[PDB]
Amino acid sequence: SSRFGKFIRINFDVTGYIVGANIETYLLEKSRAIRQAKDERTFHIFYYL
Amino acid sequence: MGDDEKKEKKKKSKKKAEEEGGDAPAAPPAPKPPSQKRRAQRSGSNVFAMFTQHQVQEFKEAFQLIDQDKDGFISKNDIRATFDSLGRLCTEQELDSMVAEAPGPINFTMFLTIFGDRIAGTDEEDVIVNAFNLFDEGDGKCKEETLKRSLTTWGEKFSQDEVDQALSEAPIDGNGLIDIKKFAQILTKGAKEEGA
Amino acid sequence: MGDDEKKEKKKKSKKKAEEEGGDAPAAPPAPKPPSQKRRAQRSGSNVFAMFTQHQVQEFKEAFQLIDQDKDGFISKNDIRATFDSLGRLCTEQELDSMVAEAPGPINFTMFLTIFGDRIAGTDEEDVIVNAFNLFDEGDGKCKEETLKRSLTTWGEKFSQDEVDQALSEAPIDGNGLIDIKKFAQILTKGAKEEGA
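Right under this line is the structure:
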């Protein structure tokens, strides 16, 4: 499962055209790496390397 | 990296303890952060030295009828085999509770730390025997009625079902439950019958 | 679910006995409701010194001595040139039969598969002390007349030849064949080479 989520701003000139565009994301399941529950796993890539 | 030491020990640690919170469900179990190998080190733990001459070779003295990997082992695939054929057990729930004494090669150089983990693994004497040996006063024991009063009225309160089952079972031995032995039934010096 | 544990229970075989000796059984456990497999114990591992501490050490580690070409099995040419590397060679026929004490690939496991299982042979040395130590009437010895008269006359009988061979080997002192030493003379950390 994924754990992240987002936003955009869109600045316009004098005539109203797309000039600026500003994307923001909010928060992550950022915690497990140094505590995995029994029968859980960590962030994908470790096991892969 | 050193996660290689920990892949050989995601095999062998996992030997302690990742699925351990079984019927009492999904606990905060053993951690992946490497320092915490030494919280898995709790009391009740003796591990004899490498060229032992023999308290470690005594595991060869029974070796034959246990092993998996005979260049000389018991792997994940041997407590996630052998305990189902030797000492106790596991649901996916209690999976690597007991199978957390081998999710990875019990080499002879790990038989070392499995009779090591026998006199170690699950909360051993300093915990189990002393759970009540510390409520106790001295060259003593604890009173039956007072231990009934406990089990129901003290803490996470238990059911009738729970008391009755643990009543017919309780070694009531002179108006007093023989606590040291209710725990150390699992231990001393005169049996070679189960676990291993 | 409650199943992935039980998937894994089959790699025991893939390096112990079974890949020679389905003879030495994989014993089926693990009935799916995993409360069940607590019935499968091997209760009671004791007799006189099965791994005797100056013998079975050596046997197994004489896999690292008897595997000469360092393949991981034991060939006809392993037992031979490794006996030649000590001294007294068996003929290829004697060897062939001594390999044919197993069905073929006497590797690290098949070796010990026949080694441990064979629990029977000669009497134990402490029984062998009892042999004449139970005939003496005090703490003393054994009068030589009585050991000569007995071996020929009593029960199972020797020939003259049988006694005289045993007699040049027999430590006579003070007209008393002090039995305790002759017993150690026949069977202590005895001779090599004859098997495996």
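Protein chains in written order, with my numbering: chain A, 195 to 243; chain B, -14 to 181; chain C, -14 to 181.
Beta carbons: idealized from backbone N, C-alpha and C, even for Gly.
With respect to the C-alpha of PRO10 (chain C), the residue from B:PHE44, B:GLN49, B:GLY29 and B:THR138 having the closest C-alpha is B:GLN49. Residue-level contact check: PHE240 (chain A) touches chain B, since one or more beta carbons of chain B fall below 8 Å from its beta carbon.
Just measuring C-alpha positions, the residue of C:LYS(-4), C:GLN26 and C:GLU4 sitting nearest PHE93 (chain C) is C:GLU4.
Three or more pairs of CB atoms, one per stretch, sit closer than 8 Å, so the stretch 25 to 40 of chain B contacts the stretch 98 to 108 of chain B. Under the DSSP assignment, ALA169 (chain B) falls in the alpha helix (DSSP H) whose first and last residues are 164 to 169.
Residue pairing for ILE157 (chain C): DSSP places it in a beta bridge opposite C:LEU162. Under the Cβ criterion of 8 Å, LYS232 (chain A) is counted among the residues facing chain B.
DSSP places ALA85 (chain B) in the helix class (H, G or I) of the three-state scheme.
Taken through DSSP and simplified to helix, strand or coil, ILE239 (chain A) comes out as helix. According to DSSP, residue pairing for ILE217 (chain A) in a beta bridge involves A:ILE202. For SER(-2) (chain C), the uninterrupted alpha helix (DSSP H) run begins and ends at -3 to 0, by DSSP. If you ignore the 5 residues before and after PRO18 (chain B), its C-beta comes within less than 6 Å of no other C-beta in its own chain.
Here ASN216 (chain A) is exposed, its C-beta having fewer than 16 other C-beta atoms within 10 Å. Residue pairing for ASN92 (chain C): DSSP places it in a beta bridge opposite C:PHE58. Close partners of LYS17 (chain B) in chain A (Cβ separation under 9 Å): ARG226, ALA227, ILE228, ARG229, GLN230 and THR236.
Distance from the CA atom of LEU132 (chain C) to the CA atom of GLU43 (chain B), rounded to whole angstroms, is 41 Å. Using a CB distance cut-off of 8 Å, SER28 (chain C) counts as an interface residue toward chain B. Annotation for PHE117 (chain C): the continuous alpha helix (DSSP H) segment containing it runs 110 to 118. In the assembly as shown, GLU79 (chain C) is an exposed residue. Its beta-carbon has fewer than 16 other beta-carbons within 10 Å. In the structure shown, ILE212 (chain A) adopts extended strand secondary structure according to DSSP, grouped into three states. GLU86 (chain B) and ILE228 (chain A) have their alpha carbons spaced roughly 21 Å apart. In summary, the residues of the stretch -12 to 12 of chain B whose CB is separated from some CB of chain A by less than 8 Å are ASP(-12), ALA2, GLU3, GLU4, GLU5, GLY6, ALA11 and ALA12, in the order they occur in the chain. Any Cβ of chain A closer than 8 Å to the Cβ of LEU80 (chain B) would place that residue at the interface, and such an atom is present. Looking at the DSSP output, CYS127 (chain B) bridges to B:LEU162. Remark: C-beta atoms of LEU162 (chain B) and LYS22 (chain C) do not approach each other more closely than 8 Å. Put simply, the backbone Cα of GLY89 (chain C) is about 37 Å away from that of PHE168 (chain C). Here DSSP, grouped into helix, strand and coil, assigns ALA25 (chain B) to helix.
The Cβ neighbour count for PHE68 (chain B), taken over all protein chains shown within 10 Å, is at least 16; the residue is labelled buried. The beta carbons of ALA181 (chain B) and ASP81 (chain B) sit no closer together than 8 Å. Cβ contact annotation for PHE201 (chain A) (same chain, cutoff 6 Å, sequence separation greater than five): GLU218, in chain order. Nearest neighbour of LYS128 (chain B) by Cα position, chosen from B:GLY159, B:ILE64 and B:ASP149, turns out to be B:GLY159. With its beta carbon less than 8 Å from one in chain B, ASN31 (chain C) belongs to the interface. Remark: C-beta atoms of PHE240 (chain A) and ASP(-12) (chain B) approach each other more closely than 8 Å. For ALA116 (chain C) and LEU152 (chain C), the gap between their C-alpha atoms comes out near 17 Å.
Separation of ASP124 (chain B) and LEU136 (chain B) (C-alpha to C-alpha, rounded to the nearest whole angstrom) is 23 Å. By the criterion of a C-beta distance shorter than 7 Å, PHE58 (chain B) is surrounded in its chain by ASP52, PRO90, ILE91 and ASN92, once the five residues flanking it on both sides are discounted.
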